[PDB]
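Structure file data-v2.txt (compact mmCIF, C-alpha atoms) follows.
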# COMPACT_ATOMS: atom_id res chain seq x y z
CA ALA A 62 -77.01 184.08 141.87
CA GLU A 63 -75.65 184.75 138.37
CA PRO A 64 -72.64 187.10 138.19
CA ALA A 65 -71.18 186.14 141.59
CA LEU A 66 -71.70 182.68 140.18
CA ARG A 67 -69.81 183.49 136.97
CA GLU A 68 -67.14 184.89 139.30
CA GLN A 69 -66.76 181.56 141.07
CA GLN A 70 -66.46 180.07 137.61
CA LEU A 71 -63.18 181.90 136.90
CA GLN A 72 -61.60 181.56 140.31
CA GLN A 73 -62.01 177.85 139.71
CA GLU A 74 -60.87 177.99 136.09
CA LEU A 75 -57.67 179.78 137.14
CA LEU A 76 -56.81 177.50 140.07
CA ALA A 77 -57.33 174.75 137.50
CA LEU A 78 -54.75 176.39 135.28
CA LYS A 79 -51.96 176.52 137.83
CA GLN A 80 -52.40 172.85 138.71
CA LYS A 81 -52.51 171.90 135.05
CA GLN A 82 -49.40 173.91 134.16
CA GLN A 83 -47.43 172.72 137.16
CA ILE A 84 -47.98 169.18 135.85
CA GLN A 85 -46.93 170.11 132.37
CA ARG A 86 -43.66 171.68 133.55
CA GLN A 87 -42.93 168.44 135.36
CA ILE A 88 -43.49 166.51 132.15
CA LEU A 89 -41.16 168.88 130.31
CA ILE A 90 -38.47 168.29 132.93
CA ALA A 91 -38.90 164.50 133.17
CA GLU A 92 -38.77 164.47 129.39
CA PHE A 93 -35.39 166.30 129.49
CA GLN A 94 -34.25 164.12 132.32
CA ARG A 95 -34.67 161.02 130.09
CA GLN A 96 -33.15 162.44 126.92
CA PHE A 97 -30.32 163.34 129.28
CA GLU A 98 -29.37 160.05 130.83
CA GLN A 99 -29.92 158.52 127.40
CA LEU A 100 -27.28 160.67 125.72
CA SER A 101 -25.11 160.22 128.78
CA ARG A 102 -25.27 156.43 128.60
CA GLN A 103 -24.58 156.51 124.88
CA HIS A 104 -21.67 158.94 125.02
CA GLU A 105 -20.33 156.90 127.93
CA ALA A 106 -20.53 153.43 126.34
CA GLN A 107 -18.70 154.88 123.38
CA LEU A 108 -16.01 156.45 125.54
CA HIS A 109 -15.72 153.09 127.22
CA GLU A 110 -15.81 151.02 124.03
CA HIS A 111 -12.92 153.23 122.93
CA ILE A 112 -10.96 152.21 126.03
CA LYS A 113 -11.79 148.55 125.27
CA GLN A 114 -9.98 148.93 121.93
CA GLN A 115 -7.08 151.18 122.82
CA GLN A 116 -6.41 148.02 124.83
CA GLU A 117 -6.13 145.43 122.09
CA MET A 118 -4.02 147.87 120.07
CA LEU A 119 -1.45 148.37 122.83
CA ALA A 120 -2.08 144.68 123.30
CA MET A 121 -1.09 143.44 119.82
CA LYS A 122 1.75 145.96 119.73
CA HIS A 123 3.46 144.16 122.62
CA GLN A 124 1.54 140.90 123.18
CA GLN A 125 2.76 139.73 119.79
CA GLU A 126 5.98 141.67 120.39
CA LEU A 127 7.40 138.45 121.79
CA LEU A 128 7.60 136.53 118.50
CA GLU A 129 8.93 139.79 117.02
CA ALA B 62 5.28 152.37 110.36
CA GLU B 63 2.33 150.18 111.39
CA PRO B 64 1.50 149.84 115.08
CA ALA B 65 2.69 153.41 115.72
CA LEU B 66 0.21 154.11 112.96
CA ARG B 67 -2.71 152.17 114.45
CA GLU B 68 -1.73 154.21 117.49
CA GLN B 69 -2.18 157.43 115.55
CA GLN B 70 -5.54 156.16 114.39
CA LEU B 71 -7.05 155.89 117.90
CA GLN B 72 -5.38 159.05 119.11
CA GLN B 73 -7.31 160.68 116.27
CA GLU B 74 -10.66 158.90 116.59
CA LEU B 75 -10.75 159.91 120.25
CA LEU B 76 -10.29 163.64 119.49
CA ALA B 77 -13.17 163.03 117.10
CA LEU B 78 -15.39 161.48 119.78
CA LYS B 79 -14.87 164.53 121.93
CA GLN B 80 -15.78 167.00 119.21
CA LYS B 81 -18.86 165.00 118.18
CA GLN B 82 -20.25 164.62 121.71
CA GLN B 83 -19.38 168.17 122.59
CA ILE B 84 -21.82 169.09 119.83
CA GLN B 85 -24.47 166.46 120.45
CA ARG B 86 -24.67 167.96 123.99
CA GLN B 87 -25.28 171.36 122.44
CA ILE B 88 -28.08 169.92 120.36
CA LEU B 89 -29.61 168.32 123.44
CA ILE B 90 -29.52 171.67 125.21
CA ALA B 91 -30.81 173.76 122.30
CA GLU B 92 -33.56 171.20 121.93
CA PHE B 93 -34.59 171.71 125.60
CA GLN B 94 -34.18 175.45 125.22
CA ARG B 95 -36.89 175.40 122.50
CA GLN B 96 -39.33 173.05 124.18
CA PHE B 97 -38.86 175.48 127.07
CA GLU B 98 -39.75 178.82 125.59
CA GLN B 99 -42.53 177.00 123.75
CA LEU B 100 -44.22 175.79 126.93
CA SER B 101 -43.42 179.14 128.47
CA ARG B 102 -45.22 181.05 125.71
CA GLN B 103 -48.18 178.69 125.82
CA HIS B 104 -48.60 178.76 129.60
CA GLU B 105 -48.18 182.50 129.45
CA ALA B 106 -50.76 183.19 126.68
CA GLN B 107 -53.23 181.14 128.65
CA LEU B 108 -52.52 182.99 131.87
CA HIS B 109 -52.97 186.10 129.79
CA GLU B 110 -56.12 184.71 128.15
CA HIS B 111 -57.49 184.29 131.67
CA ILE B 112 -56.68 187.91 132.40
CA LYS B 113 -58.42 188.92 129.17
CA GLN B 114 -61.69 187.13 129.99
CA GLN B 115 -61.71 187.94 133.70
CA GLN B 116 -61.97 191.46 132.31
CA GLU B 117 -65.35 191.12 130.63
CA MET B 118 -66.75 189.20 133.61
CA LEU B 119 -66.07 191.96 136.14
CA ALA B 120 -66.83 194.27 133.26
CA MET B 121 -70.35 193.08 132.44
CA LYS B 122 -71.11 192.31 136.09
CA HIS B 123 -70.99 196.08 136.50
CA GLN B 124 -71.04 197.62 133.01
CA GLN B 125 -74.42 196.03 132.30
CA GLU B 126 -75.28 196.15 135.99
CA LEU B 127 -75.31 199.93 135.53
CA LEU B 128 -78.49 199.55 133.45
CA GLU B 129 -79.67 197.25 136.28
CA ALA C 62 -58.24 211.36 132.59
CA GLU C 63 -58.27 209.08 135.64
CA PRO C 64 -59.11 205.37 135.41
CA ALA C 65 -58.29 205.28 131.68
CA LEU C 66 -54.83 206.07 133.01
CA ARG C 67 -54.66 203.40 135.73
CA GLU C 68 -55.92 201.16 132.98
CA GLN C 69 -53.10 202.19 130.67
CA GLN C 70 -50.73 201.70 133.59
CA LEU C 71 -51.59 198.01 134.06
CA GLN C 72 -51.47 197.22 130.36
CA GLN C 73 -48.11 198.95 130.59
CA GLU C 74 -46.93 196.91 133.59
CA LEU C 75 -48.16 193.62 132.16
CA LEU C 76 -46.29 194.01 128.82
CA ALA C 77 -43.38 194.75 131.11
CA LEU C 78 -43.87 191.66 133.27
CA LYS C 79 -43.69 189.40 130.21
CA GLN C 80 -40.64 191.22 128.90
CA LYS C 81 -38.86 190.62 132.20
CA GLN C 82 -39.80 186.97 132.77
CA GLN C 83 -39.06 186.11 129.18
CA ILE C 84 -35.47 187.21 129.92
CA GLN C 85 -35.14 185.64 133.34
CA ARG C 86 -36.06 182.27 131.75
CA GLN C 87 -33.16 182.83 129.39
CA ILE C 88 -30.86 183.42 132.32
CA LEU C 89 -32.11 180.26 133.99
CA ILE C 90 -31.35 178.32 130.81
CA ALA C 91 -27.92 179.88 130.13
CA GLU C 92 -27.08 179.16 133.73
CA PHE C 93 -27.95 175.45 133.21
CA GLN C 94 -26.15 175.47 129.91
CA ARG C 95 -22.90 176.43 131.71
CA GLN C 96 -23.20 174.09 134.66
CA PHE C 97 -23.76 171.53 131.90
CA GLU C 98 -20.71 171.88 129.73
CA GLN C 99 -18.74 172.31 132.96
CA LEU C 100 -19.74 168.93 134.34
CA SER C 101 -19.34 167.51 130.86
CA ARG C 102 -15.76 168.74 130.54
CA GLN C 103 -14.90 167.47 134.00
CA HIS C 104 -16.46 164.04 133.58
CA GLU C 105 -14.78 163.85 130.21
CA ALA C 106 -11.22 164.82 131.31
CA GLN C 107 -11.50 162.21 134.01
CA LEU C 108 -12.68 159.56 131.57
CA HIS C 109 -9.72 160.62 129.45
CA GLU C 110 -7.21 160.74 132.31
CA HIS C 111 -8.35 157.18 133.00
CA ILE C 112 -7.41 156.40 129.42
CA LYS C 113 -3.83 157.61 130.06
CA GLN C 114 -3.63 155.44 133.17
CA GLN C 115 -4.96 152.25 131.65
CA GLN C 116 -2.27 152.98 129.07
CA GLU C 117 0.90 153.01 131.16
CA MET C 118 -0.43 149.97 133.04
CA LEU C 119 -0.90 147.82 129.93
CA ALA C 120 2.32 149.55 129.00
CA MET C 121 4.65 148.58 131.84
CA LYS C 122 2.95 145.20 132.26
CA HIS C 123 4.65 144.55 128.94
CA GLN C 124 6.94 147.47 128.00
CA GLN C 125 9.79 146.36 130.25
CA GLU C 126 8.33 142.85 129.98
CA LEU C 127 11.29 142.34 127.65
CA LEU C 128 13.53 142.34 130.71
CA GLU C 129 11.24 139.59 132.06
CA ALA D 62 0.35 138.49 141.32
CA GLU D 63 0.86 142.17 140.46
CA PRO D 64 -0.03 143.33 136.96
CA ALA D 65 -3.18 141.20 137.14
CA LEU D 66 -3.68 143.24 140.30
CA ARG D 67 -2.96 146.70 138.88
CA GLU D 68 -5.29 145.63 136.09
CA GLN D 69 -7.98 144.76 138.61
CA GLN D 70 -7.35 148.10 140.31
CA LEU D 71 -8.39 150.10 137.23
CA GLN D 72 -11.13 147.75 136.08
CA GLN D 73 -12.72 148.50 139.44
CA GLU D 74 -11.46 152.08 139.53
CA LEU D 75 -13.26 152.76 136.24
CA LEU D 76 -16.53 150.99 137.13
CA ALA D 77 -16.32 153.36 140.08
CA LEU D 78 -15.92 156.43 137.88
CA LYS D 79 -19.22 155.64 136.16
CA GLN D 80 -21.10 155.34 139.47
CA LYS D 81 -19.86 158.73 140.60
CA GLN D 82 -20.63 160.50 137.30
CA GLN D 83 -23.96 158.73 136.86
CA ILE D 84 -25.04 160.24 140.20
CA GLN D 85 -23.33 163.60 139.81
CA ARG D 86 -25.49 164.09 136.65
CA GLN D 87 -28.58 163.38 138.73
CA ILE D 88 -27.55 166.12 141.13
CA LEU D 89 -27.08 168.51 138.23
CA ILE D 90 -30.59 167.71 137.01
CA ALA D 91 -32.30 167.82 140.43
CA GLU D 92 -30.53 171.11 140.94
CA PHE D 93 -32.03 172.48 137.69
CA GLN D 94 -35.36 170.94 138.57
CA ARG D 95 -35.51 173.07 141.75
CA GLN D 96 -34.29 176.33 140.25
CA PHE D 97 -37.03 175.61 137.72
CA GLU D 98 -40.11 175.21 139.83
CA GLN D 99 -38.78 178.08 141.91
CA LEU D 100 -38.73 180.53 139.03
CA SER D 101 -42.02 179.06 137.86
CA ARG D 102 -43.73 179.71 141.19
CA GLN D 103 -42.30 183.22 141.33
CA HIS D 104 -43.23 184.21 137.80
CA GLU D 105 -46.64 182.69 138.41
CA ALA D 106 -47.43 184.42 141.73
CA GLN D 107 -46.56 187.68 140.04
CA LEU D 108 -48.77 186.94 137.07
CA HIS D 109 -51.56 186.19 139.54
CA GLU D 110 -50.77 189.30 141.61
CA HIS D 111 -51.38 191.29 138.43
CA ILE D 112 -54.76 189.61 138.23
CA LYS D 113 -55.64 190.44 141.86
CA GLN D 114 -55.02 194.08 140.90
CA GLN D 115 -56.36 194.42 137.40
CA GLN D 116 -59.43 193.45 139.40
CA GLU D 117 -59.45 196.27 141.93
CA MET D 118 -58.82 198.83 139.18
CA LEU D 119 -61.79 197.76 137.06
CA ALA D 120 -63.31 197.16 140.44
CA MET D 121 -63.05 200.52 142.21
CA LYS D 122 -63.48 202.10 138.78
CA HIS D 123 -67.11 201.04 138.39
CA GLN D 124 -67.88 199.90 141.97
CA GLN D 125 -67.40 203.55 142.90
CA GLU D 126 -68.93 204.59 139.58
CA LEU D 127 -72.25 204.12 141.34
CA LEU D 128 -71.66 207.07 143.67
CA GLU D 129 -70.39 208.90 140.57
Could you write out this file's structure as C-alpha cells?
Amino acid sequence: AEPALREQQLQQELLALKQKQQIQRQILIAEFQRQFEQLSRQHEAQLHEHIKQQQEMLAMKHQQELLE
Amino acid sequence: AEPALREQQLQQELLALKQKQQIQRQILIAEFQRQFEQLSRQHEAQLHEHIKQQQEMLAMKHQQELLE
Amino acid sequence: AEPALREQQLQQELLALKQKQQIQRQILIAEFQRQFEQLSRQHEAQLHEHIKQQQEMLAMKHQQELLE
Amino acid sequence: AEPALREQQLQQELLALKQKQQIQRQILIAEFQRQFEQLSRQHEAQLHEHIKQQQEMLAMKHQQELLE
C-alpha cells in the first residue's frame, strides 16, 4: 500500500496531537495553580504580619499605659 | 498626638495592602489570560495545519489517482 | 457551481468555528476572573473582620484594665 | 484565666481561617480546571468533526468524480 498507508500516517499524527495538547493544557493549568498559591501565601503572610504589628502598637499604647 | 498617630499609620498601610494586592491579583489573572490565548492560538493553528495537510493527502490520493 | 460551493461552505464554517471558540474562551476566562475577585474580596473581608476582633480583645484586655 | 483565653480563642480562630481559605482556593482552582478541560474537549471534538467532514466533501467530490 502507499496512499492508504499515507492515510494511516495522518490518523496517527492527529491522535498524537490531541494527546500532546491535552498534556500541554494540563501544564498550563498546573503552572497557574502554582503561581496562584504562591501569591496567595505571600498576600496572606503579609496580611498576617500586619496583624502581628497592629498588636504591638495597641500593645505599647496600653501596655506602657501603666507607667503613664 | 503620638500613639493615635501610630494608629493612623497602620490604618493607612492596611488600606494600602488591599489596593496593592487587589492589583497584583489582576496581574496574575491577565498573565494567565495571555498564556491562555497563546496556547489556544498555537494548539489551534496546529489543528488547522493538520486540516490543511490532510487536504493534499486525500487530494493527491485521488487527484493524481485520476491519471492512474 | 457545485463542489466549489460545498468547498467554500466549509472554509466559511471553519473561519466561523474559530471566531466562536475564540470568544467562548474569553467567556470562560472572564467567568474565572469574577469568581476570583469574589473569593478574594470575601477571604479578605474576613481576614479584615478578624483584624477588628483581635483589636477589641487586646483592647478590653487592657482598655478597662485601668479599673483592674 | 480569661483574656489569655480569649487570646487563645482568636489565635486558634485565625489559624483556622487560613485552613478554610487555603482549601476554598483549591476548590476554586479545581472548579476552573474542570470547566477548562470541558471546553477544551468540546472545542476539540468540533474541530475534529470538521475534519471528518472536510473529508467526505473532498471525498465524494472526487470519489464520485470517477463516474463523472
Fit chain D to chain A, all Cα atoms paired in order, least squares. Then write it as a JSON list (two decimals) with C-alpha atoms, keeping the file's coordinate frame.
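And here is the file that came out, result_15.json:
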[["chain", "number", "residue", "atom", "x", "y", "z"],
["D", 62, "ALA", "CA", -77.16, 184.19, 141.77],
["D", 63, "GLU", "CA", -75.25, 184.67, 138.51],
["D", 64, "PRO", "CA", -72.30, 187.05, 138.50],
["D", 65, "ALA", "CA", -71.23, 185.62, 141.86],
["D", 66, "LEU", "CA", -71.42, 182.38, 139.88],
["D", 67, "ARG", "CA", -69.49, 183.48, 136.79],
["D", 68, "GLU", "CA", -66.99, 184.84, 139.29],
["D", 69, "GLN", "CA", -66.77, 181.46, 140.98],
["D", 70, "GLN", "CA", -66.39, 179.86, 137.56],
["D", 71, "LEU", "CA", -63.12, 181.69, 136.84],
["D", 72, "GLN", "CA", -61.79, 181.62, 140.39],
["D", 73, "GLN", "CA", -61.96, 177.85, 140.03],
["D", 74, "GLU", "CA", -61.09, 177.91, 136.33],
["D", 75, "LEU", "CA", -57.84, 179.72, 137.15],
["D", 76, "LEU", "CA", -56.86, 177.57, 140.15],
["D", 77, "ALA", "CA", -57.29, 174.83, 137.57],
["D", 78, "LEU", "CA", -54.93, 176.48, 135.09],
["D", 79, "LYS", "CA", -52.14, 176.40, 137.67],
["D", 80, "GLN", "CA", -52.61, 172.67, 138.36],
["D", 81, "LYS", "CA", -52.34, 171.86, 134.68],
["D", 82, "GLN", "CA", -49.27, 174.04, 134.05],
["D", 83, "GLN", "CA", -47.58, 173.00, 137.29],
["D", 84, "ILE", "CA", -47.72, 169.39, 136.03],
["D", 85, "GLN", "CA", -47.05, 170.12, 132.37],
["D", 86, "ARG", "CA", -43.70, 171.66, 133.51],
["D", 87, "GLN", "CA", -42.91, 168.44, 135.34],
["D", 88, "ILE", "CA", -43.45, 166.52, 132.12],
["D", 89, "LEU", "CA", -41.14, 168.90, 130.29],
["D", 90, "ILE", "CA", -38.46, 168.30, 132.91],
["D", 91, "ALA", "CA", -38.89, 164.50, 133.14],
["D", 92, "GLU", "CA", -38.75, 164.50, 129.37],
["D", 93, "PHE", "CA", -35.38, 166.33, 129.45],
["D", 94, "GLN", "CA", -34.24, 164.12, 132.29],
["D", 95, "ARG", "CA", -34.64, 161.03, 130.06],
["D", 96, "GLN", "CA", -33.12, 162.47, 126.90],
["D", 97, "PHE", "CA", -30.29, 163.36, 129.26],
["D", 98, "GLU", "CA", -29.36, 160.07, 130.82],
["D", 99, "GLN", "CA", -29.89, 158.56, 127.39],
["D", 100, "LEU", "CA", -27.26, 160.70, 125.71],
["D", 101, "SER", "CA", -25.09, 160.26, 128.78],
["D", 102, "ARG", "CA", -25.21, 156.47, 128.57],
["D", 103, "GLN", "CA", -24.53, 156.58, 124.84],
["D", 104, "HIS", "CA", -21.62, 158.99, 125.00],
["D", 105, "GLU", "CA", -20.27, 156.97, 127.90],
["D", 106, "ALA", "CA", -20.50, 153.50, 126.31],
["D", 107, "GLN", "CA", -18.63, 154.92, 123.35],
["D", 108, "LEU", "CA", -15.97, 156.45, 125.54],
["D", 109, "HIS", "CA", -15.60, 153.05, 127.19],
["D", 110, "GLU", "CA", -15.62, 151.24, 123.83],
["D", 111, "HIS", "CA", -12.61, 153.38, 122.92],
["D", 112, "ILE", "CA", -10.96, 152.09, 126.07],
["D", 113, "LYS", "CA", -11.73, 148.43, 125.24],
["D", 114, "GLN", "CA", -9.86, 149.05, 121.97],
["D", 115, "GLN", "CA", -7.00, 151.32, 122.89],
["D", 116, "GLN", "CA", -6.31, 148.21, 124.94],
["D", 117, "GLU", "CA", -6.14, 145.65, 122.15],
["D", 118, "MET", "CA", -3.93, 147.96, 120.08],
["D", 119, "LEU", "CA", -1.32, 148.43, 122.79],
["D", 120, "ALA", "CA", -2.22, 144.86, 123.55],
["D", 121, "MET", "CA", -1.60, 143.01, 120.28],
["D", 122, "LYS", "CA", 1.20, 145.51, 119.67],
["D", 123, "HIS", "CA", 3.43, 144.17, 122.44],
["D", 124, "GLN", "CA", 1.63, 140.88, 123.25],
["D", 125, "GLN", "CA", 2.66, 139.82, 119.75],
["D", 126, "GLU", "CA", 5.91, 141.74, 120.14],
["D", 127, "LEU", "CA", 7.15, 138.64, 121.92],
["D", 128, "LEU", "CA", 7.06, 136.54, 118.75],
["D", 129, "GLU", "CA", 8.62, 139.57, 117.03]]
Can you list every residue of chain A that has an atom at most 10 Å from chain B, with its nearest atom pair and the distance in Å to one decimal, using all atoms listed in the file, ordered by chain then number, as a tab-separated table?
residue	atom	partner	partner_atom	distance
A:63	CA	B:122	CA	9.1
A:64	CA	B:122	CA	5.8
A:65	CA	B:122	CA	8.3
A:67	CA	B:118	CA	7.3
A:68	CA	B:118	CA	7.1
A:70	CA	B:118	CA	10.0
A:71	CA	B:115	CA	7.0
A:72	CA	B:115	CA	9.2
A:74	CA	B:111	CA	8.4
A:75	CA	B:111	CA	7.1
A:78	CA	B:108	CA	7.8
A:79	CA	B:108	CA	8.8
A:81	CA	B:104	CA	9.6
A:82	CA	B:104	CA	6.7
A:83	CA	B:104	CA	9.7
A:85	CA	B:100	CA	8.3
A:86	CA	B:100	CA	7.8
A:89	CA	B:96	CA	7.6
A:90	CA	B:93	CA	9.0
A:92	CA	B:93	CA	9.2
A:93	CA	B:93	CA	6.7
A:96	CA	B:89	CA	7.7
A:97	CA	B:89	CA	7.7
A:100	CA	B:86	CA	7.9
A:101	CA	B:86	CA	9.1
A:103	CA	B:82	CA	9.7
A:104	CA	B:82	CA	6.7
A:105	CA	B:82	CA	9.9
A:107	CA	B:78	CA	8.2
A:108	CA	B:78	CA	7.7
A:111	CA	B:75	CA	7.5
A:112	CA	B:75	CA	9.6
A:114	CA	B:71	CA	8.6
A:115	CA	B:71	CA	6.8
A:118	CA	B:67	CA	7.2
A:119	CA	B:68	CA	7.9
A:121	CA	B:64	CA	8.4
A:122	CA	B:64	CA	6.1
A:123	CA	B:64	CA	9.6
Exercise. Do you have the CA of residue 98 (chain A)-CA of residue 69 (chain D) distance handy?
Worked result: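 Computed distance, CA of residue 98 (chain A) to CA of residue 69 (chain D), equals 27.4 Å.
Between CA of residue 113 (chain A) and CA of residue 87 (chain D) there is a distance of 26.1 Å.
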For this session: Mind giving me the straight-line distance from CA of residue 127 (chain A) to CA of residue 129 (chain C) in Å, one decimal?
Result: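 Calculated distance between CA of residue 127 (chain A) and CA of residue 129 (chain C) is 11.0 Å.
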Please supply region 62-82 of chain C, rebuilt with N, CA and C atoms, as a PDB file, in the coordinates of the input.
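After the write, selection-v2.pdb holds the following:
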ATOM      1  N   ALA C  62     -57.482 212.616 132.304  1.00  0.00           N
ATOM      2  CA  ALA C  62     -58.240 211.360 132.590  1.00  0.00           C
ATOM      3  C   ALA C  62     -58.010 210.874 134.027  1.00  0.00           C
ATOM      4  N   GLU C  63     -58.433 209.645 134.310  1.00  0.00           N
ATOM      5  CA  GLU C  63     -58.270 209.080 135.640  1.00  0.00           C
ATOM      6  C   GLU C  63     -58.148 207.549 135.568  1.00  0.00           C
ATOM      7  N   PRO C  64     -59.281 206.823 135.471  1.00  0.00           N
ATOM      8  CA  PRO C  64     -59.110 205.370 135.410  1.00  0.00           C
ATOM      9  C   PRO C  64     -58.441 204.946 134.102  1.00  0.00           C
ATOM     10  N   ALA C  65     -58.845 205.575 133.000  1.00  0.00           N
ATOM     11  CA  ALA C  65     -58.290 205.280 131.680  1.00  0.00           C
ATOM     12  C   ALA C  65     -56.773 205.363 131.718  1.00  0.00           C
ATOM     13  N   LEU C  66     -56.264 205.944 132.800  1.00  0.00           N
ATOM     14  CA  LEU C  66     -54.830 206.070 133.010  1.00  0.00           C
ATOM     15  C   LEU C  66     -54.354 204.846 133.791  1.00  0.00           C
ATOM     16  N   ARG C  67     -55.018 204.564 134.913  1.00  0.00           N
ATOM     17  CA  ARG C  67     -54.660 203.400 135.730  1.00  0.00           C
ATOM     18  C   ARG C  67     -54.842 202.155 134.894  1.00  0.00           C
ATOM     19  N   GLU C  68     -55.679 202.270 133.873  1.00  0.00           N
ATOM     20  CA  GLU C  68     -55.920 201.160 132.980  1.00  0.00           C
ATOM     21  C   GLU C  68     -54.682 201.055 132.105  1.00  0.00           C
ATOM     22  N   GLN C  69     -54.272 202.182 131.534  1.00  0.00           N
ATOM     23  CA  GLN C  69     -53.100 202.190 130.670  1.00  0.00           C
ATOM     24  C   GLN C  69     -51.882 201.748 131.458  1.00  0.00           C
ATOM     25  N   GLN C  70     -51.858 202.081 132.745  1.00  0.00           N
ATOM     26  CA  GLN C  70     -50.730 201.700 133.590  1.00  0.00           C
ATOM     27  C   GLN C  70     -50.558 200.188 133.657  1.00  0.00           C
ATOM     28  N   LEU C  71     -51.643 199.468 133.967  1.00  0.00           N
ATOM     29  CA  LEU C  71     -51.590 198.010 134.060  1.00  0.00           C
ATOM     30  C   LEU C  71     -51.179 197.384 132.742  1.00  0.00           C
ATOM     31  N   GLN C  72     -51.829 197.775 131.657  1.00  0.00           N
ATOM     32  CA  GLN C  72     -51.470 197.220 130.360  1.00  0.00           C
ATOM     33  C   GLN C  72     -49.978 197.434 130.175  1.00  0.00           C
ATOM     34  N   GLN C  73     -49.513 198.581 130.660  1.00  0.00           N
ATOM     35  CA  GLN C  73     -48.110 198.950 130.590  1.00  0.00           C
ATOM     36  C   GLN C  73     -47.351 197.903 131.395  1.00  0.00           C
ATOM     37  N   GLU C  74     -47.600 197.865 132.702  1.00  0.00           N
ATOM     38  CA  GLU C  74     -46.930 196.910 133.590  1.00  0.00           C
ATOM     39  C   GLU C  74     -46.890 195.483 133.084  1.00  0.00           C
ATOM     40  N   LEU C  75     -48.046 194.973 132.682  1.00  0.00           N
ATOM     41  CA  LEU C  75     -48.160 193.620 132.160  1.00  0.00           C
ATOM     42  C   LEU C  75     -47.141 193.368 131.022  1.00  0.00           C
ATOM     43  N   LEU C  76     -47.215 194.160 129.951  1.00  0.00           N
ATOM     44  CA  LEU C  76     -46.290 194.010 128.820  1.00  0.00           C
ATOM     45  C   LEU C  76     -44.855 194.092 129.316  1.00  0.00           C
ATOM     46  N   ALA C  77     -44.693 194.620 130.518  1.00  0.00           N
ATOM     47  CA  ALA C  77     -43.380 194.750 131.110  1.00  0.00           C
ATOM     48  C   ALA C  77     -43.044 193.465 131.871  1.00  0.00           C
ATOM     49  N   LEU C  78     -44.057 192.885 132.511  1.00  0.00           N
ATOM     50  CA  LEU C  78     -43.870 191.660 133.270  1.00  0.00           C
ATOM     51  C   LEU C  78     -43.426 190.538 132.352  1.00  0.00           C
ATOM     52  N   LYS C  79     -44.041 190.449 131.176  1.00  0.00           N
ATOM     53  CA  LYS C  79     -43.690 189.400 130.210  1.00  0.00           C
ATOM     54  C   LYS C  79     -42.267 189.589 129.738  1.00  0.00           C
ATOM     55  N   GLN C  80     -41.954 190.830 129.384  1.00  0.00           N
ATOM     56  CA  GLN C  80     -40.640 191.220 128.900  1.00  0.00           C
ATOM     57  C   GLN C  80     -39.598 190.662 129.866  1.00  0.00           C
ATOM     58  N   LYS C  81     -39.753 191.039 131.128  1.00  0.00           N
ATOM     59  CA  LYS C  81     -38.860 190.620 132.200  1.00  0.00           C
ATOM     60  C   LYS C  81     -38.679 189.106 132.262  1.00  0.00           C
ATOM     61  N   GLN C  82     -39.761 188.420 132.641  1.00  0.00           N
ATOM     62  CA  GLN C  82     -39.800 186.970 132.770  1.00  0.00           C
ATOM     63  C   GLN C  82     -39.218 186.249 131.570  1.00  0.00           C
TER      64      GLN C  82
END
